[PDB]
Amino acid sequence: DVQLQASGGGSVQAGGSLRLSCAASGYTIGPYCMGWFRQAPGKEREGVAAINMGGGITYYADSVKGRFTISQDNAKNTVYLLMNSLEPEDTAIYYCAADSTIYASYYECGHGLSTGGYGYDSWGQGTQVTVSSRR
């Protein structure tokens, strides 16, 4: 009965920036991981960024390294995805997701991120991001 509530998104001109946010509620313990996955109409779903809530270590798809940054407020089981230098190819429905499993041994949240979302059991409804071309 946990809920992931996302904010931010919308339209922006290429070269611009957007910050998405996602708050996890209903958890007593966890989540262990929080991240963002995106889906563009004619493409494979892509794991964009993830973070170990315990520790703050981050992971990124090669396609966004140096442009996007994920961080956590922690104090409030909330994570942020700061997206700079957006390109039209970044247009997609962005989804906040979480892995509620409290792992025994250390687990890298980037694993499920790069392998089809494995382990990410809770999902937001998706936020549209449209990056329009320059004039």
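The first residue of the sequence shown is number 1, and the count goes up from there.
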* To do: Pick between 30-38 and 68-76: the one whose mean CA B-factor in the entry is higher.
  => 68-76
* As stated in the PDB record, which stretch has the larger average Cα B-factor, 96-104 or 55-63? -> 55-63
* Asked: What's the residue among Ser17, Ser25, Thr127, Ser21 with the greatest CA temperature factor in the PDB record?
  -> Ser25
* Please place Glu46 in the lowest, middle or highest third of its chain by C-alpha B factor as given in the entry. => lowest
